[PDB]
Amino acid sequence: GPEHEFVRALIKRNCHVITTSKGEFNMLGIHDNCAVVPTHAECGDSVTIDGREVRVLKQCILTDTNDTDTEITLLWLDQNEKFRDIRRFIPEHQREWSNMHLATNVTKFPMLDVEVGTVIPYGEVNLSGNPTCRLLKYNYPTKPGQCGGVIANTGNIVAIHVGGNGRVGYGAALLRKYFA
């Protein structure tokens, strides 16, 4: 299928396993040396990526105008490899999407690609006690080691998975203005 091809290509070319003191997360490269990770991974001055130690030159915890976490953190990595530039597939605004998939590659969930269905703008939810903004929501019983997983389909990369409650998943919205 062409969604499985676009999404598996994304995972293979741009995604990596990030290990912190808080566990294993999927890391999505966006462009150049800039990658996205969930803020609650609590990345330090260096991060373990695919088993190797990598210096973080700069990190930005992304936030709305009212200082509330999006749960997206940008990492600028000290690496020679340039990520394939996927900004053209990132939406400009929050929005409902049909036939979306969740994909990650992590020790609990190797090369996972799961149909999540319809994704909708949902706003602010408190995740583990912390207010989180610009969430998209899907009716799929996600599991915790899936954080950082990409929410996408052919040509559309719209969120990273950042939380769930056994019934529903929450994705932090990927907005092109984060990466300009």
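Counting begins at 1, following the sequence as shown.
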When mean C-alpha B-factors in the record are compared for 74-82 and 98-106, the larger belongs to 74-82
Out of 156-164 and 13-21, which stretch has the higher average CA B-factor listed in the record?
13-21
Looking at the C-alpha B-factor values in the deposited entry, which of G44, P38, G29, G117 comes out highest?
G44
For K143, the third of its chain by CA B-factor is the middle
Assigned third (lowest, middle, highest) for the C-alpha B factor of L136
lowest
Temperature factor at the Cα of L112, chain-ranked in thirds, falls in the middle
For the chain shown, is the CA B-factor of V56 in the lowest, middle or highest third of its modelled residues?
middle
Pull the Cα B-factor of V150 out of the PDB entry and bin it into the chain's lowest, middle or highest third.
lowest
